[PDB]
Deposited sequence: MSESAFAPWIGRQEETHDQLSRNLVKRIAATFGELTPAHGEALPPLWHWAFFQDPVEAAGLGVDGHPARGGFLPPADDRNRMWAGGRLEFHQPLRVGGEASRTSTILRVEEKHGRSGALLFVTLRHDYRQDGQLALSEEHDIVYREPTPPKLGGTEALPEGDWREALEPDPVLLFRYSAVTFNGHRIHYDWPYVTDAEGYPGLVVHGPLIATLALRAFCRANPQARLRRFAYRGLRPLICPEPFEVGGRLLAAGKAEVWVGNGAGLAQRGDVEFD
């Protein structure tokens, strides 16, 4: 069940994430910005090990030759101390739960991974990640908030985010595939990309906040290159909500707790 892997949070890759987001590259020993840890702990497989969608070949939990579309659906993180640039870190991972649910387009499989990240023998971060497999497929409207950021995705941004995460999933860069093969209108803006943007905006609007908890859940896919915004609002001291959306409604919602 449990698997422990290791990585260096090396500055060369941190530079590439920072450039992707248009942000500064922290120096050795400084805090890895929130959710940039997704660029690390990658153990990619050779092509023979890959599935048609570019991800690692679908394993035992799925039926043979599963045609369903895989999606990064949401997750939850608990923040204890920042991981630090230039240091090593271990990730202890486990499949927490697998579950069949009944979706709008048919039955969808829900996989929840749990990861614990340690540095210098201390737990820095705990995460749950929800992965969904669903069949080829009226959200809440964009509410008013205390901050907002307008964004305009393009394929270079999406390609770069896939690059720093070394995610082979073809829905983020292979336009003929994402349309003809899995039936989307165009490229999908990564769930974790917009989560990072929404959390980043909260932090900008709240620079003294010290993150304790972040939850995010996708509602509908965002398609490149349609403009969108990230927003949020304080609900109470140390409590905020965030969202990602546009004129067609919200694509992602999330919850922040902080000190």
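**Student:** Where does the structure fail to cover the deposited sequence at the C-alpha level?
**Tutor:** No C-alpha coordinates exist for 1 to 11, 149 to 153.
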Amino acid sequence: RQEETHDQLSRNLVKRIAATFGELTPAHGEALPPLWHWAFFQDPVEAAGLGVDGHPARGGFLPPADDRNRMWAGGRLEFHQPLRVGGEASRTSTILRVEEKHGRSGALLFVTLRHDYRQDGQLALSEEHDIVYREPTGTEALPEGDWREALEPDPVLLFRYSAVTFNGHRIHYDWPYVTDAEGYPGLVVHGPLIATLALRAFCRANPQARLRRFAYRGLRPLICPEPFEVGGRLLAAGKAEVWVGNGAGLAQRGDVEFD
From here on, numbers count along this sequence of modelled residues.
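**Student:** Look over 178 to 186 and 81 to 89 in the entry and identify the one with the greater average Cα temperature factor.
**Tutor:** Stretch with the higher mean C-alpha B-factor: 178 to 186.
**Student:** Higher average CA B factor in the deposited record is what I'm after, so tell me if that's 169 to 177 or 97 to 105.
**Tutor:** So the stretch with the higher mean C-alpha B-factor is 97 to 105.
**Student:** Taking the Cα B-factors listed in the entry, which of 162, 137, 126, 112 comes out highest?
**Tutor:** Answer for 162, 137, 126, 112: 137, with the highest C-alpha B-factor.
**Student:** Among the choices 230, 47, 211, 193, identify the one whose CA B-factor in the record is greatest.
**Tutor:** Out of 230, 47, 211, 193, the record gives the largest C-alpha B-factor to 230.
**Student:** Would the CA B-factor of residue 146 place it in the lowest, middle or highest third of its chain?
**Tutor:** Answer is highest: the recorded C-alpha B-factor places it there.
**Student:** Can you work out whether the C-alpha temperature factor of residue 18 puts it in the lowest, middle or highest third of the chain?
**Tutor:** For residue 18, whose C-alpha B-factor we compare with every modelled residue in the chain, the answer is the lowest third.
**Student:** Place residue 5 in the lowest, middle or highest third of its chain's C-alpha B-factors, as listed in the PDB entry.
**Tutor:** Middle third, going by the recorded CA B-factors of the chain.
**Student:** Would you please rank residue 61 by its C-alpha temperature factor against the other modelled residues of its chain and give the third it falls in: lowest, middle or highest?
**Tutor:** For residue 61, the deposited C-alpha B-factor lands in the highest third.
**Student:** By the recorded C-alpha temperature factor, relative to the other modelled residues in its chain, which third is residue 37 in?
**Tutor:** Tercile = lowest for this residue's CA B-factor.
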